[PDB]
């Protein structure tokens, strides 16, 4: 797995709160980042996961964590989806579009015969290092409060080396 490796450079368009923006790896430097992958806009499993993250987003921002959802759809499609799902509408973090699949392949997370990203979540520290990975099949929902726990634990070990907190 990619655990404990440094993330790779990327440049992508995103939709974020009514605005189109660009995102590169430089935007993640010095920050905690969550890269939240999912297969496709306008499907019926992803949104509750995405919505669950949206619910915890104010908390993540207070922890200094940025969230980037990623799929191989375009940022245009993201804006449309955001306009038409009540669940997606409550997303205020960056929805990155990855139509070239470069970001997705950076994380070794492409279904090559589908052109869609696997349902994988990556936690990345200020120095670019991946510290937690979660990948599930469709229907095995990713729980955002567990994600929150892992990040507080990651942040804690970063602040107290030599000491660690297990299960």
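Numbering follows the first chain given and starts at 1.
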| query | finding |
| --- | --- |
| 22-30 or 112-120, whichever carries the higher mean Cα B-factor | 22-30 |
| Stretch exceeding the other in mean C-alpha B-factor - 40-48, 102-110 | 40-48 |
| Residue 66 - which third its CA temperature factor falls in, relative to the rest of the chain | middle |
| Among modelled residues of the same chain, the CA temperature factor third for residue 7 | middle |
| Chain third (lowest, middle, highest) by recorded CA B-factor, residue given as residue 74 | lowest |
| Third assignment of residue 140 from its chain's C-alpha B-factors | highest |
| Within-chain third of residue 134 by Cα B-factor, per the entry | lowest |
